[PDB]
Amino acid sequence: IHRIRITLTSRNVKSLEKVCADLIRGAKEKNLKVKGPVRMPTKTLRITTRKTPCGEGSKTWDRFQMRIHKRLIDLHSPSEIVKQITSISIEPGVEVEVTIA
Amino acid sequence: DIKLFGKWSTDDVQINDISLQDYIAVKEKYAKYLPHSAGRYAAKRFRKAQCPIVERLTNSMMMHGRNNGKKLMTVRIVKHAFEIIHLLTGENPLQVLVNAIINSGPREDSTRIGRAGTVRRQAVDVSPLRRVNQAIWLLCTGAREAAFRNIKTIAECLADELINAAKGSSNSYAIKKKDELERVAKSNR
Amino acid sequence: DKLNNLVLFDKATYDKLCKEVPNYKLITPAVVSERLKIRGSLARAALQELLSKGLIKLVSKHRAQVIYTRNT
Amino acid sequence: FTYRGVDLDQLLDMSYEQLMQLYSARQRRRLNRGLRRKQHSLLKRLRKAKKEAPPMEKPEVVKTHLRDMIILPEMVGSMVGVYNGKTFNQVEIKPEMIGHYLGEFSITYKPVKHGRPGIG
Amino acid sequence: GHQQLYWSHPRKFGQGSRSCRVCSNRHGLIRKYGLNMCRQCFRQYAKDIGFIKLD
Amino acid sequence: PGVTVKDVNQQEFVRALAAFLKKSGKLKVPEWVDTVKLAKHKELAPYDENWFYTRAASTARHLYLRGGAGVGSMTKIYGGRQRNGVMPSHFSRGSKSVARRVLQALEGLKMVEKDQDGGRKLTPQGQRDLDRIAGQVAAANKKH
Amino acid sequence: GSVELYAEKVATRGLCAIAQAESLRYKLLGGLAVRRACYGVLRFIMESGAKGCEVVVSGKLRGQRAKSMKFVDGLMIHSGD
Amino acid sequence: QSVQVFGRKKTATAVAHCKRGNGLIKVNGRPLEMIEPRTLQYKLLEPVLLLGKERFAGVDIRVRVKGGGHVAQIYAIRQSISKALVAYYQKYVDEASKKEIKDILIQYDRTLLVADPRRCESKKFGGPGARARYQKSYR
Amino acid sequence: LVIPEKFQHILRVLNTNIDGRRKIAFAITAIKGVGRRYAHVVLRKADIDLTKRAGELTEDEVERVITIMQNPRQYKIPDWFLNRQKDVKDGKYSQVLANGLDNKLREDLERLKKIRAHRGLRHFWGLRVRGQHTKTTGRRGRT
RNA sequence: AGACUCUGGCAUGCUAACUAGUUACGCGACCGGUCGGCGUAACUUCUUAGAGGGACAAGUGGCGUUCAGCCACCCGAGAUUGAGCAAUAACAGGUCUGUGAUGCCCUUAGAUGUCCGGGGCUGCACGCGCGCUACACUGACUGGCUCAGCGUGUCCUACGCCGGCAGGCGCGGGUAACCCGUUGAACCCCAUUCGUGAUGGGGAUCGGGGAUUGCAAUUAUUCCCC
Ligand SMILES: [Zn+2]
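Heads up: the sequence lines are chains U, F, Z, P, d, T, D, Q and S, in that order. Sequential numbering from 17 applies to the first sequence in PDB author numbering. Sequential numbering from 16 applies to the second sequence in PDB author numbering. Sequential numbering from 42 applies to the third sequence in PDB author numbering. Sequential numbering from 15 applies to the fourth sequence in PDB author numbering. Sequential numbering from 2 applies to the fifth sequence in PDB author numbering. Sequential numbering from 2 applies to the sixth sequence in PDB author numbering. Sequential numbering from 82 applies to the seventh sequence in PDB author numbering. Sequential numbering from 8 applies to the eighth sequence in PDB author numbering. Sequential numbering from 3 applies to the ninth sequence in PDB author numbering.
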């Protein structure tokens, strides 16, 4: 079984890398072939808006932003191992996409 | 060695006045093939006295709304003007620039003293850095007006005005505009 | 005053082209258009013929500024 | 009267696709997109009004609220009241009249007359 | 109104088919990224949706 | 001393290939050579009576530099400021039919083939003609 | 069969101002005078363990004229990350 | 027998590759004399004429500039060539040649070796650009 | 370059003061109903060098220049180069010259006045007819 | 206030990339050079984005109530950018027209509620504010050349065919550093023509035709050609 792919995606890096260093540590003690987490670029969802809800003020604007960090980590193992690695270290706020073959 | 545009030597150029010895540009060390060095000459005070004068002329000549950012279109005008100056004078064209900014640099000028609407002038002398800075802009404005509304091109007009200013003739806009400031400063002293 | 020029040659213009041009010390289409009261396009078209006849050296040729010099 | 090399008789007896072939771009686009259900009921009513009219007396005025109607050559001579926003207007439908829209003949505004400005 | 002529106008094209999912108002709508929120109710729920005014 | 197209002045390259196709004689000359624009943002006529040939030379060297590009890409090569009158200028693409009838005639002269993974690329046959004209104009520049 | 609701107690009820600000709303709605219930909430959350807190109640408190009422004690950080 | 450095301006980034060779310095396939702004060609000539062909006869440079505009591109090639020769004569050749080359280039121009720290200022509301503002009127 | 002894200075073709002291390409721009583009296409179909001036033409050259612009279709001129396409009356593709421009424009103006349209009334009143805003503009020509 | 947080300049030290890139080798293709033209060995300099480092008036010389600190210089990437947040006390500043926020209310069945048709918000003698084009030669036309960055996109679009353009047809990819895209952008760079002329500068106004979006372009919606 080859090209099993795990994609971690979240909102903040203080919780993304806390989980991203956890599943790559569970696969290491199992003696598997691990590919390092490659960074897939941060998306800056930028929305500018008027502060004033009536449009009378001095034309002041809010630059609201969402930052999306993307991670790609690759494994080469049968599919029962990746399920038991992923299912134990479940952390809210960071989510996992699993593509098989 | 290091020539101006690879052909013109600045080492055989002599500065005449002691008032413009250290505030003048290249004699031995600031020699560059091109003006276009893109250095920072306005970050600190008295950093403009160390840039080459080809930079100062190039930066001053690009002063209009239509061509305020363009610069590669400005170095060719200066190059062509230098070729024309060398054709007329028969010698190093960079000595002509020095002899022209010497005879065009103002020496005495007035000061706005009093209230608004009624000028009451009083003569003060011109600082050497402002003496260097002022003479280029008058040349540029005269070239702008003249080559703005005749057949005559920018480079030809700049070259002929610079040569007539080196000769100190009254047919040049650079030598003209020193005279009004000088004679108003005469009227007050 | 208003500027009226000649798009083509005149009898006196071509005679001035042969005897006066190689002693200007600056040969420019602007100078020809000023002195000889003709269009600047005609000056360029005459100076190309003068280059073809081998009597005038060319220093710098460009879109706008073209620089000529007399021979020797 | 002759419209684009064509007199009125050949205009009246001709077909719909060739009528498209005669008109200009907006009219051709509107014909190809298709006349709608509400615009289809005006055709039968204006045929009814012209049919019951005396042969000397032009058919009576019919009110409508469809200012965007292209005048077909079959509509020539039918008096139609066009709504300007408040009232209806009497417009004579000529043989020359076919290339335009109804709404430009029922004037929505009033011609502007100007007086002395008050503290302006 | 009459059943055949109450919503007879199609409501797919035109901004009147688009209203804010919070306040049902249609002026100042953010359709970028499929928010479909009013520009004035956006400043209310910006912190809760996960938007941070970092800079 | 291997003369390559990239080692030759591109302007001198494109003025040394228009005459190569005139003496060749084989070329599909469209009806709109003396007629039409070259882009929607154009206001006047090309001065050259043989502008369709230098268009082909420019297209050929563009496919030489970067192959696998279609007609929509040549609309983006020959675009420019579309002075919209009083309105500020913008970007405008070129005509999608003149470049079309250049690329489609390049198969007629057997420099260009439709590759399996996209648009049009150069055959290894026309690279010889390109390097020959490159060598001859390079010798003309470096000798006299 | 895909949603599971679980009601849980707050770790510190006084310290969480989201749960606390709804208590003063109910206290005002119950017929209390504003200032007394505001001091009640204020001293409850001051004793709860916060380094500082404030309550601003604005509106028609004692008249058709809308004055503003402000209770500040302890520390506060009004600016900076 | 090879080093790889990069030169940089506002946005352009030229990467040089110092392999030992015969003296060919080509920028992305086209030669040094061939970059489209011809006047600034003299600018592209200012390192070599300050360093001499005799120390370039064993060096081949491949410049891979990808970014910037038309002028910031040339300064990237400038910077990459200069610091590429510095690194090449540092790793394999004695420090004296590197130091004298560095001294000559510094006494010509400092920006020939160090990168420009100034890049674009972010535009702000109420103005056309970075620091400019919109027109205002009075009574 | 040559000095033309036979050089007509000022042309009078189709009742228009044509200046021969200019390029032939931009001298035909002076007449009404012909601008730069149509003149350039007509002269390119006439195989005339654009370097040649307007006053340097021969008699047969002037005659063929006049005959080309009259009926353009047989002279390899497309249908979209014309001042008027298919008209209301005849629907004929035809290029409009200086003499026909004035009376064609006045009959176009008088066509909509019998029609009594919005554009006809706007033309009759001197206001903008293209839906344009003249609340702040149109001061020129008014009082 | 400062500190803080985000962004920018620096790391040839670290982390690791087949959804990024280079080098080598091989395969070609052309005349030892070029390939954005093809695949596996490395590799992280270029590209990504995370940690850590780095800059402090640090060192030197003057000034100094020789304190606090101020001018100048070496070395350094930087002797230092740009924003976010912003105290106490206030304003009869704007918003009931952003809310299923809202107190007193007015109306509530030929309704100030809902929906539909059309018009109007854009109507023009004139005035007041931003903004955009220009007044030409440092310019305009045409041909050739040649470089980005935010950042969108289930609609974005590649490619092929018909058309002069606007457009139309077919077959694809992309729910996305995977595709558009190596975003062959403009100003600018070279060459041609125009040469001071309300001139080809500059396109306000006006006719005719064409195509698209939409139930509906009449009040020219736009876009294209004389
Ligand atoms: Zn929202």
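Where a beta carbon is used, it is the ideal one built from N, C-alpha and C, also for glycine.
Per DSSP, cross-strand counterpart(s) of residue i
i, result
"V20/P", "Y17/P"
"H85/U", "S26/U"
"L123/T", "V113/T"
"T60/U", "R83/U"
"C134/D", "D154/D"
"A70/T", "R121/T"
"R15/Q", "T20/Q"
"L30/d", "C39/d"
"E123/F", "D140/F"
"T65/U", "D78/U"
"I84/P", "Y115/P"
"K25/S", "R55/S"
Three-state secondary structure (DSSP) of residue i
i, result
"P2/T", "coil"
"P109/P", "helix"
"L91/U", "strand"
"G95/T", "strand"
"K98/Z", "strand"
"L129/S", "coil"
"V84/D", "coil"
"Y40/S", "helix"
"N103/P", "strand"
"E40/Q", "helix"
"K47/F", "coil"
"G52/U", "strand"
"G112/D", "coil"
Distance between beta carbons of residue j and residue i, contact taken as under 8 Å
i, j, result
"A40/F", "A115/F", "Actually they are not in contact, since the Cβ atoms of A40/F and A115/F sit about 14 Å apart, beyond 8 Å."
"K17/Q", "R126/Q", "6 Å"
"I81/Q", "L47/Q", "5 Å"
"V98/S", "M71/S", "At roughly 11 Å, the Cβ-Cβ gap does not stay under 8 Å, so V98/S and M71/S are not in contact."
"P121/F", "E176/F", "The Cβ separation is near 17 Å, so there is no contact."
"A17/T", "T60/T", "Incorrect: roughly 15 Å between the Cβ atoms, too far for contact."
"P50/F", "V90/F", "6 Å"
Continuous beta strand (DSSP E) stretch holding residue i: start and end
i, result
"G95/P", "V94 to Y97"
"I108/Z", "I108 to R111"
"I12/S", "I12 to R14"
"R69/Q", "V66 to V70"
"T115/U", "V110 to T115"
"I32/Q", "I32 to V34"
"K77/P", "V76 to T78"
Opening and closing residue of the alpha helix (DSSP H) in which residue i lies
i, result
"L3/S", "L3/S -> no alpha helix (DSSP H), and no H or E assigned at all."
"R45/Q", "No alpha helix (DSSP H) contains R45/Q, which DSSP labels as neither H nor E."
"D26/F", "Run containing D26/F: none; DSSP gives neither H nor E here."
"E70/F", "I68 to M76"
"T104/F", "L87 to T104"
"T69/S", "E61 to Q72"
Can you tell me which residues fall inside 5 Å of ligand 1, judged by beta-carbon distance to its nearest heavy atom, and keep chain order? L36/d, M38/d and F43/d
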